[PDB]
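Chains as they are written, first to last, in PDB author numbering: chain L, 218 to 737; chain B, 218 to 737; chain C, 218 to 737.
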Amino acid sequence: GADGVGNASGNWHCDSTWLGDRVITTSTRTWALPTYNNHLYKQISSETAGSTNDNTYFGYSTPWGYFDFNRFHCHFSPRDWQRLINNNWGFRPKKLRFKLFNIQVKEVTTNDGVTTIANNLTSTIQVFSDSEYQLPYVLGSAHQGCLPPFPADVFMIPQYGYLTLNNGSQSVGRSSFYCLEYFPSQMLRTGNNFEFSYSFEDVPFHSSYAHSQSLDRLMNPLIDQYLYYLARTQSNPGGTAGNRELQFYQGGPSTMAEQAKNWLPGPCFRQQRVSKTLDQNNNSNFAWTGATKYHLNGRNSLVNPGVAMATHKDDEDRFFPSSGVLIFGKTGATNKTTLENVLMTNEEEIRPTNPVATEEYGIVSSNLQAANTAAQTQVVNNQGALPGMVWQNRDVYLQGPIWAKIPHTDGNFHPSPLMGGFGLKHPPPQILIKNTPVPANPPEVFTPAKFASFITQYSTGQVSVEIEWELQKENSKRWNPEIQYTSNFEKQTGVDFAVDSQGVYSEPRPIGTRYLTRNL
Amino acid sequence: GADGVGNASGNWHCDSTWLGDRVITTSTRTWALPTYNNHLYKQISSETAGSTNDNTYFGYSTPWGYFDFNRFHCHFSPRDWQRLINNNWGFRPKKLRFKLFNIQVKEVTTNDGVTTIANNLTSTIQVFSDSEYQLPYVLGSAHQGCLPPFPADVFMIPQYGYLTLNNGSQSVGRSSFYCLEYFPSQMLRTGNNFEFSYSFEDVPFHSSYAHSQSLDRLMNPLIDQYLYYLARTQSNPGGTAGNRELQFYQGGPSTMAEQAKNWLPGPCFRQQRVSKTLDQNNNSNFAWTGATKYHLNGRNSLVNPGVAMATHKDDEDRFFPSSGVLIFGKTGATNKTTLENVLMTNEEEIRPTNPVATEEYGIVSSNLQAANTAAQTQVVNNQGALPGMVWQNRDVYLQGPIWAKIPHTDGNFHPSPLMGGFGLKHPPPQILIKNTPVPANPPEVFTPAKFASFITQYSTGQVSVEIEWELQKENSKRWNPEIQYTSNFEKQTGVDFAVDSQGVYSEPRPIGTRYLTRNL
Amino acid sequence: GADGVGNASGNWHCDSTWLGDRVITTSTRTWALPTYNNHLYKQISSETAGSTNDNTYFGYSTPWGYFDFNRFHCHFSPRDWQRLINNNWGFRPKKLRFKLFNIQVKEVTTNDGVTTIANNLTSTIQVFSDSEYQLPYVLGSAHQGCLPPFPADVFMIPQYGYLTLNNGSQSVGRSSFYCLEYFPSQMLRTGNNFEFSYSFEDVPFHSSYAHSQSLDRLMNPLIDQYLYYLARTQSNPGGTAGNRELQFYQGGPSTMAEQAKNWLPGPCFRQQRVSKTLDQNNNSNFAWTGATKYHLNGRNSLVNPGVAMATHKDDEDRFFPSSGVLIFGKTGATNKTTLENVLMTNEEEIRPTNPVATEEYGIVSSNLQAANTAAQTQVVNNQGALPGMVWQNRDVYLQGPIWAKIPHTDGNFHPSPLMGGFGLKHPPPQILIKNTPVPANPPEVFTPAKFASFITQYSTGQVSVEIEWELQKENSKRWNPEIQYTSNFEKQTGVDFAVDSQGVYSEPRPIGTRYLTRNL
C-alpha cells in the first residue's frame, strides 16, 4: 500500500458486467480475523477422541487464516445466476483478481468484566498467497468459511490446518510439517493494501444444457435397419412344444430396444435407494451399514457424492441415492437436522446419458449354455469405463463449489471434481493471513523461555474478488419454448432470495445450471 | 444452377482413382423422392401400438427426405475394396464433395384407374445440408435407404424423422420440436443444381491389419527371465503329506503363462454363446431373456454389437456371441429370416489383443486366506478399463457403416462407433430434401382453413458423392506370403458380386479389411 | 425477375439472427391466389341483409388480393419469442424487406366432373405495393389471412375490399371509388420475381417490462412527510357529542393513502365486469345492452378492446372486462364458440399505473357543503386526460397485431393502436396481387359487349418477409430472480407449440411480452 492512517486504501466495488461473450463478476466483503491458537502451531490427532479406525487422523493446526471464495453465490447474485443459466450453454472462468484493503487492527483488553477495544495503529498483519502450490491445499473440500452469499454480511476468516499421513493416531515417517512463517509474506499496516492477479488454465466449458435425446433413442423412428439381431432361439410356439430354431429380425420402429447402437451409458458405481416418505424405507439403520463406500488402506471411506448418475428413475421423484447427491441446508439449520430442513439436489438431466444411481448398470451372461445347461446371467452393479461410453459431469449449483485441485499423480481418468465444477492442476492459490504477534511487556531480566504473553488483538477489513467468466451461446433451432428458471409469481409472505423481517438472508432452494436443451 | 429446361445440369461421373497414398472414389446414382405425410409434420409415439416399457418412444415424422451414403459399398466396388484391403495397413477419409443435378419434378394424376404422369416444369424441390449440426442426427444408426451398392440401381430417398425425450408414450418438458422449413434451403427447378464440399476432421487410420503376435506371447522364447514368481505354496509331494513352503521360480520357455508381462487384454462386457448347429443350443428362448443388455432410465436396451471382442475361441468356429456380431442379409431375405439367409461377420483377428466375447475376462481372488481358510476366487464377467490395457476396434465391412457422430457430452472414453468406422465430432452433414407443395385450385371465396388439397407430385434426379481417402502403406519385412482376399477360382453357376439371370445384384459374403498382418 | 421457366427465381430462407442489440427475423411461406369476383369490381352494402342501423355499410369488393404479415407469430417462433421477452425491456421494428418469387400460374378446366390442372406458362400476375398510401388501408384491422404461424403451412391470399362513407345502405356524395388497375403494377411470369425494401419511421420502444412499484407507493416508507393534510373535521369523539374542529396530520408510514403524491393513474373509460364462473353472472343478456360503446354519427360502436386498463383487481382472477380484453381462439374453434374454446389475455402488469377496467376511476365532490348541508360526492366512471397522469400501453402478444396506421387527422392524443403494437403514420405499404385475365376464345364477329368469358386459373408461389428489430437491454440491479416464460416441465400427451398426431399446429396459450420488471 501507499498512504497513511486517514486515507482509505481501496474503494468498495461489487457489481456484475455482462459484455458480449463474457461476464465479469466483482464482489466485495467485510471480514474479521481472530488470533488462532494463541499464535501456536499445534498437532492434532484422533487420539484425543477415540472415534474409530476409519476416522483416525493426524495433522497440524496453524495460527494462520485463509480466504475462501470457492462457491458460486460468492460471485453471483440470484438474478445474475439466472441470466447465466437461462441464456447460455456453458461457462468457464478466465481471470481472477484479488484485493485486501482498508485494514484495521484492534487491540482488546478485558478488565473487571468490561471489554475495551481500541485501534492499534502500528500493528501489522501478514498475507501471502501460495503461488507455487507448496502447502497442503485444503480448498475444494467444501468447507464453511467462504464469503457469504449476501454482500451486507460480515464473515470470520476460517483457521488453516492440514492433515498428513498417519498410522492410527500416530505419525509415520513421511508425515510432513509445514511452518507457514517459512514463506515470504507481505506485512500490512492500516495504510497498506494487498493485491494479486491470477489466470485460469484452459478448461472445458461446463455443460449448462440438458440433453433433449437419449442414447438409446438416437435412431430414426421411421426407417428400418439393415442389421439383423437374434430374436428367438425357439420356434414360435403353437401351444404344443418348443422346437429349436434360430430366427433373426431387423431392428425397426416396432422394437427399438433390440436395435443396434454405437454407444453405451456412462460408468456407474451403484448406491442404495432411500425414500423421502419414511414409511417406505426399511426399519433399520442402513445409512452407514448399507452404504456404498470405498476401502483405502484399511479405512472405509463413504463414497460421496460419487460418480455422476441420475438420482431417480423417470416417474419416481421421492427416491434419492443414499450418498449420491449434494445436500444443502435451509437457513437456520443446525449441524444435525431432519429431512425437512435440508435442501436436496437431484440430477434428472443426465438420465439420457447416465445410469440411475440407485439401479443396475446392466446384466451380463455368467455361463456357457449348452443343450442340458440353461442360460444364466449376473447383474452389473459396478462398471468401469468401456470403449464407447459417454456421460455427463455432475451439475454445478449456486451454492456449490466452483473448482477443485486435481491431485499431482502419475495418472488420472477424466479428472473432474465429483462434487462439481472445474478440475484444475493449478487452481487459484490459497491466500493465507495472520495477525502478527505483539508481545506484552518482557520481564526486564533476561530469560530464554518462550513468551506466551501477548496483546490480544484482531483485525478487520474489506476483501474484493473479481472473476472473468467466458460464455457459450445457445445456437438451438428448437421451435418450441425452453424451460426457464422462473420466480414464484403467486403471492407469498416473503420474497425468495431476500432478507426477512429479522434481517436474515436466505436461499430457499438450490439452483442448477441445466435448463436449456440440446441434441445428443 | 444456371441454364434452363433442355440443358443437363451435370454429367454422370462414377469412377475410382488410385494415386500414390490416396484414392478418390466417386459414385453417381439415380433417386426418386415421394411426398411424405401429405406435406405434414406429425408426431409419432408408441401409444398407437402398446409394445412394452422398453420400446416406448415419442417423436416426429417430417415430409423431408434425406441422403444416406454411410456404407462403404456405396463408394467402393468389390474390386476397389480388394485393392484397399490387400495392399494397405489403414485408411481414413479426407474430403467429401456432394452434388445434386438433372432434377425432374413429375406431376401424377389418377383418373378412373388410369395413372398419368407428366413433367411439371415450374415446380421446385428444397435442399439444405445442416452444416451446424442443429437437427437431430439420425445418420450412423445403420438404417436402410443408403445409395445401393450397384451403380445401375435406382433408390428411393428415405423419410426423415426423429425421436426426443419421453415419459412412457407422452412427452416431457424437454422434448424438442424442430420445423425444418425454419432453416434456409435452396429451391431448385429442372435447370438448377446443388453442391457442397466437406472436409473430414482428423481421425486415426482404421486398422486393416491383423496382429501376428499375441499379448501373452510377446516374450523371447529362448531366454529366461530374471523375475521370480511364486510357484508353489506346498512342498513337492512325495505321496505322504504336503508341507507348507514358499517356492519361487523364474519364468522361462517352459512356463510362459506364469511369466511376467507388461500388458493386459482389452476390456470385456460378456455375452451369451450361441451355436450354429441347432442341436447344441439349449431348448428355451434365451435370446431376449438370457441376453446381455444395459439398463438406462428404467429401459433395458440390448447391447448390440457391443464392445469389440473376439467372436469365438481358437478351434471353435460354430459358436458366435448372441448380440456380439454384425449380421447382414443375403439377397432376397425378408425382415424375419433363419440362420441360412443371414451373413454373419466374425472378428477372429482381434483374438491376440481382445477377450473372447463369450467367455470370462479372468478370475480374481475373493477372500483373504489363512491357515483354516481356503483360497477363493470369483470369475470376472465384465471388466472396465485398467492401466495397461490394449485392444482393437471392431472391423469395418464393405456393407457396414463408415462413420457415426460422437455425441456432444462432458466426457467419453475412447470414442469409436461400436458398430464400426470413424467416430466424428463433426460428421458429414445431413442433406435434407423435400418436394415443395403445389396447391390445388383454391375455393375462390376466402376461407382461413389449411388447404390439405395439393397436386400429387414426385421428383427424380441424379446424385454424385466423391470422397478422398488416405492410405497407410504396408512396411512389413515378413518373409512368407500374406493372406489375401481371393476370388472363388473353381467354376460356379454365377459370378460373385455380379448380377444373376434376372438382373438382381447380390453380395455373397461380408468382407472385412483385416488380412495383412503386423507385429504386436 | 431475370431467367426463364426452368430456373428458380428465389431461395427459401426462413431463419432468425440474434446479433448484439438487433434481431433479424426472416420468414418464408407458400401461398395460393384464386380469382376473385370473376375479375369484377362490385359494390357491397348492407342492403342485401338488413342488419341494423349500427351495422350498415357501403363499399366495394375487388378482384385484387393482398399480403398480410401483421402478426408477430409470422416473424417469430415460440422460442425466438421467448428469447425476446425474457431478455429485453423493449423492441421496435427498424427495416423491412419483401419478396415474391417462384411464381406458378395454373389453368384449371372442369369437364364431366373431372377437374384438370395444367401449367399456363405465358400467363402473368400483377403485383404492386402502395407506397404513397393512396388506397384505403385495411391492414391493422386484425383480420384473418395473415401468413400462418407455422412455416410448413400453405395459406390463401385474402380478397381486398374497402368501405367508404354511407347514409344507411346508400352512398353519399363523398363516397370514393378506387380502381386498382389505375395504378402502375409489375406483371410477372414464372421467371419474374418481385421485391421491395421498406424502412420503419422512428417509434418508441414497446414496453416489455412490468413495473415493480405502484404510483401510490412510490414514497419512502420509513420517513414522514413535511406536508399536512386535513385528517378530521370533527373532534375525536368520546362517545358524547361530536364537536367541530379542523385537525391536520402529516402523511407518514402509518397512513400512506392520505399522503401527498405527484402523479395520477391513467385515464379510464369504464366497462362491465363478467365472471368466468357462469353462476356468478346475472341472468340476462347484458353483452350488447350493458356494453360500453361509443356513439358516432347515430351509430353505436362497441368499444373494443378500448383504453388500456388492468383487467381485474388484485385477488380476483375470474373476472374480466366485457369488451376490455383481446380474445384468441384455440385451434379448431369455430366462429361461434363458448368460453372453453377461447384464449383470453389479461393485463395484470399495468395495475400499478392503470385503473382496473371494471371499476371506478375515483370519486369527486358533487356539492358545496355548509352547516345544514352534508358533503356529497359522485363516482367517476369515465376520465379524460389530466395533467400528471401516467399510463401504460396495452401489451403485444405473439398472436396479436404488430402495427396499425395512425389516421391522417388534424389532431390525435397519444396515438397508439388500442389493440396493441406500433402506431405508424407511414406503416408498411399494402401489397396487392391479382391474376391477370386471360380471355376465352372471342366470338369471331365483332361485338362491343364485355367478355365475361375467361379461362379459370390461379397462381401459387413463395413469399418471404424480413424485418430487422432493435432491442432494449435489461439494466436492472434487482437482486432476486425475475419471472420468466417457461415450458411445462411435467409430462403431457403432446408438446406445446408443436404439431399433433394429425399434423395440426396449435398455440396453446397467448404470450405477452411483460415479464422482466423495472422501477416506476
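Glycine included, C-beta positions come from ideal geometry on N, C-alpha and C.
Of the candidates C:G218, C:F315 and C:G459, C:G218 places its Cα closest to the Cα of C:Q403. DSSP places L:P654 outside both helix and strand once states are collapsed to three, so it counts as coil. B:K478 is a Cβ neighbour of B:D433, given a cutoff of 8 Å.
Of the candidates L:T326, L:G628 and L:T245, the residue whose Cα lies closest to the Cα of L:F286 is L:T245.
DSSP lists B:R735 as the bridge partner or partners of B:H428. Using a Cβ distance threshold of 8 Å, B:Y675 and B:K323 count as a contacting pair.
The C-beta of C:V682 has 16 or more other C-beta atoms within 10 Å across all chains shown, which makes the residue buried. Comparing alpha-carbon positions, the option among B:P656, B:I648 and B:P725 lying closest to B:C363 turns out to be B:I648.
With fewer than 16 other Cβ atoms from the protein chains shown falling within 10 Å of its own Cβ, C:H512 counts as exposed.
Look at the stretch 256 to 328 of chain L and you find these whole runs of beta strand (DSSP E), each 3 residues long or longer: 259 to 262, 275 to 284 and 305 to 328.
Within the stretch 501 to 544 of chain C, the complete beta strand (DSSP E) runs of at least 3 residues fall at 510 to 513, 516 to 519 and 536 to 538. Residue contact with chain L for C:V712: present (Cβ-Cβ distance below 8 Å to some residue of chain L). Along the stretch 324 to 336 of chain B, there is no position whose C-beta sits under 8 Å from a C-beta of chain L. Interface annotation, C:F706: in contact with chain L, CB-CB separation under 8 Å. Listed in chain order, the beta strand (DSSP E) elements of length 3 or more contained wholly in the stretch 619 to 665 of chain L are 620 to 622, 639 to 641 and 647 to 652. If you check the CB distance, B:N629 and C:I334 do not come in under 8 Å. Residues of the stretch 512 to 533 of chain L whose Cβ lies closer than 8 Å to any Cβ of chain B, in chain order: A527, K530, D531 and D532. Boundaries of the beta strand (DSSP E) around C:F411: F411 to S416. Of the residues L:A266, L:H292 and L:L250, the one whose Cα lies closest to the Cα of L:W281 is L:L250. Within its own chain, the residues whose Cβ lies closer than 6 Å to the Cβ of L:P654, once the five positions on either side in sequence are excluded, are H256 and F671, listed in chain order. In this structure B:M473 touches B:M436 by the C-beta definition: roughly 7 Å separates them, less than 8 Å.
Contact annotation: L:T575 and L:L397 have beta-carbon atoms that are not nearer than 8 Å.
CA-to-CA, the gap between B:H428 and B:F308 works out to about 17 Å. The alpha-carbon separation between C:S416 and C:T243 amounts to approximately 15 Å. Looking at the DSSP output, B:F372 sits in a beta bridge with B:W248.
Cα atoms of B:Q609 and B:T528: separation of roughly 13 Å, rounded to the nearest angstrom. Around the beta carbon of B:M373, fewer than 16 other beta carbons lie within 10 angstroms, which makes this residue exposed. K690, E691, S693, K694, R695, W696, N697, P698, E699, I700, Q701, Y702, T703 and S704: these are the residues of the stretch 681 to 704 of chain L whose beta carbon lies less than 9 Å from some beta carbon of chain C, given in chain order. The C-beta separation of C:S704 from L:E699 comes to about 6 Å, placing the pair in contact by the 8 Å criterion. With contacts defined as CB atoms closer than 8 Å, L:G678 and L:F318 qualify as a contacting pair. In this structure, C:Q321 keeps its C-beta atom at 8 Å or more from the C-beta atom of C:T252. With respect to chain L, the C-beta atom of C:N409 has no partner C-beta closer than 8 Å. For a Cβ distance threshold of 7 Å, residue set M436 and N437 of chain L lies close to B:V355, ordered along the chain.
Contact between C:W229 and B:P401 is confirmed by a C-beta separation of about 7 Å, below the 8 Å threshold. Take L:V389, set aside five residues on each side of it, and the residues of its chain with a beta-carbon closer than 6 Å to its own are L382, in chain order. Separation of L:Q709 and L:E691 (C-alpha to C-alpha, rounded to the nearest whole angstrom) is 33 Å.
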